[PDB]
Amino acid sequence: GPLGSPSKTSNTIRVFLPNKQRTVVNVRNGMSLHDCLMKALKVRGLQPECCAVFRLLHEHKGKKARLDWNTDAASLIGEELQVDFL
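Summary of the structure given here. (Residues numbered from 1 in each chain as written, not as in the entry; some residues may be left out. Heavy atoms only, no water.)

Examining the overall build of the protein chain
The helix and strand tally for the protein chain stands at one helix and five strands. The principal-axis extents of the C-alpha atoms in the protein chain amount to approximately 40 × 35 × 30 Å. Out of the 86 residues in the protein chain, the part that is buried amounts to 22%. Counting contacts in the protein chain only where the partners sit at least 6 residues apart, residues at least 24 apart contribute 54% of the total. Of the roughly 7,200 Å² of accessible surface on the protein chain, 50% is carried by carbon and sulfur atoms. Both charge centroids of the protein chain, one from 13 positive and one from 8 negative side chains, sit 9 Å from each other. (Helix = DSSP H or I, 4+ residues; strand = E, 2+ residues; numbered from the N terminus. Buried < 20%, exposed > 50% of the residue type's maximum accessible area, 1.4 Å probe, protein only. Contact = heavy atoms within 4.5 Å. Areas by Shrake-Rupley, 256 points an atom, 1.4 Å probe, with all protein chains shown as cover. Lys, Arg positive; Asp, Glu negative; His and termini not counted. Charge placed at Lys NZ, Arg CZ, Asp CG, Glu CD.)

This is the structure in C-alpha coordinates:
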(Lines give C-alpha, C1' and ligand atoms only; values in the text may rest on other atoms or scores of the structure.)
Protein backbone atom coordinates (compact mmCIF):
# COMPACT_ATOMS: atom_id res chain seq x y z
CA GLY A 1 0.00 0.00 0.00
CA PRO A 2 2.42 2.79 -1.20
CA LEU A 3 1.75 6.53 -1.99
CA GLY A 4 0.02 8.26 0.94
CA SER A 5 2.48 10.08 3.21
CA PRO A 6 3.07 13.83 4.13
CA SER A 7 5.93 15.97 2.72
CA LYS A 8 9.18 15.21 4.60
CA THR A 9 12.95 15.20 3.92
CA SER A 10 14.26 11.71 3.07
CA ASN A 11 17.99 10.92 2.70
CA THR A 12 17.89 8.77 -0.49
CA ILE A 13 19.40 8.79 -4.01
CA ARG A 14 18.31 7.31 -7.34
CA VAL A 15 20.70 4.79 -8.92
CA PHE A 16 20.36 3.70 -12.56
CA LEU A 17 19.92 -0.05 -12.88
CA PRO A 18 19.90 -1.88 -16.32
CA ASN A 19 16.58 -3.27 -17.74
CA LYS A 20 14.68 -0.05 -16.72
CA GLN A 21 15.09 -0.84 -12.98
CA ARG A 22 15.29 1.93 -10.36
CA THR A 23 15.96 1.79 -6.60
CA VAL A 24 16.74 4.45 -3.98
CA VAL A 25 19.31 4.15 -1.16
CA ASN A 26 19.92 5.90 2.15
CA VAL A 27 23.49 6.73 3.24
CA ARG A 28 25.18 7.71 6.52
CA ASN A 29 27.38 10.83 6.89
CA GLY A 30 30.93 9.91 5.93
CA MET A 31 29.85 7.31 3.33
CA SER A 32 31.46 6.89 -0.10
CA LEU A 33 29.97 6.25 -3.58
CA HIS A 34 31.47 2.71 -3.67
CA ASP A 35 29.28 2.00 -0.62
CA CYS A 36 26.21 3.67 -2.28
CA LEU A 37 25.89 0.61 -4.58
CA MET A 38 26.34 -1.88 -1.67
CA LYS A 39 22.81 -1.27 -0.27
CA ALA A 40 21.09 -1.61 -3.69
CA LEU A 41 23.15 -4.66 -4.71
CA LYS A 42 22.73 -6.35 -1.27
CA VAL A 43 19.17 -7.17 -2.26
CA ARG A 44 20.05 -8.88 -5.58
CA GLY A 45 23.63 -10.05 -4.89
CA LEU A 46 24.85 -9.17 -8.42
CA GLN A 47 28.65 -8.97 -8.74
CA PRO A 48 29.58 -6.84 -11.87
CA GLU A 49 33.02 -6.46 -13.53
CA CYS A 50 33.18 -2.69 -14.22
CA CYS A 51 30.80 0.11 -13.19
CA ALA A 52 30.92 3.91 -13.37
CA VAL A 53 28.76 6.62 -11.81
CA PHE A 54 27.65 10.02 -13.03
CA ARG A 55 25.63 12.69 -11.26
CA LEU A 56 23.32 14.95 -13.31
CA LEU A 57 23.93 18.73 -13.44
CA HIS A 58 21.26 20.85 -11.71
CA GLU A 59 22.71 24.16 -13.03
CA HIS A 60 22.07 23.55 -16.75
CA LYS A 61 19.31 21.66 -18.63
CA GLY A 62 20.60 18.12 -18.60
CA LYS A 63 24.31 17.32 -18.88
CA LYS A 64 26.65 14.58 -17.56
CA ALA A 65 29.01 14.97 -14.63
CA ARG A 66 31.85 12.61 -13.79
CA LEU A 67 32.35 12.08 -10.05
CA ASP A 68 34.78 10.00 -7.95
CA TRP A 69 33.77 6.52 -6.74
CA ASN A 70 35.37 7.30 -3.35
CA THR A 71 33.31 10.54 -2.97
CA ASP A 72 30.93 11.28 -0.05
CA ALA A 73 27.54 9.61 -0.77
CA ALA A 74 25.71 11.80 1.79
CA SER A 75 27.01 14.82 -0.19
CA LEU A 76 24.95 13.70 -3.21
CA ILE A 77 21.86 12.86 -1.09
CA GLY A 78 18.46 13.61 -2.67
CA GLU A 79 20.14 13.70 -6.11
CA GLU A 80 20.46 10.97 -8.81
CA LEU A 81 23.39 8.85 -10.06
CA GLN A 82 24.07 6.88 -13.24
CA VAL A 83 26.35 3.83 -13.64
CA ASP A 84 27.62 2.28 -16.87
CA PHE A 85 29.85 -0.57 -18.14
CA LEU A 86 33.69 -0.17 -18.25
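Picking up after the structure, the text goes on.
Remarks on helix α1 (residues 33-41)
All of the buried residues in α1 are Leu33, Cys36, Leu37 and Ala40. Projected down its long axis, α1 carries its buried residues within an arc of 90 degrees, all on one side. Those residues of α1 that are buried are in contact with β1 (13-17), β2 (21-25), β3 (52-55) and β5 (81-84). (Arc of directions from axis to C-beta.)

With respect to the layout of surface pockets
Approximately 410 Å³ is the volume attributed to the largest pocket. Considering the residues around the largest pocket, the lining is formed by 16 residues, among which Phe16, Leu17, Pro18, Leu37 and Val83 are closest to the centre. A breakdown of the residues in the lining of the largest pocket according to their chemical character gives 13 nonpolar, one polar and two charged. (1 Å grid on protein atoms, 1.4 Å probe; cavity = no way out; pocket = protein on both sides within 12 Å on 5 of 7 lines; lining within 4 Å. Points joined across faces, edges and corners; volume = space filled by probe spheres on them. Nonpolar A, V, L, I, M, F, W, Y, C, P; charged D, E, K, R; others polar.)

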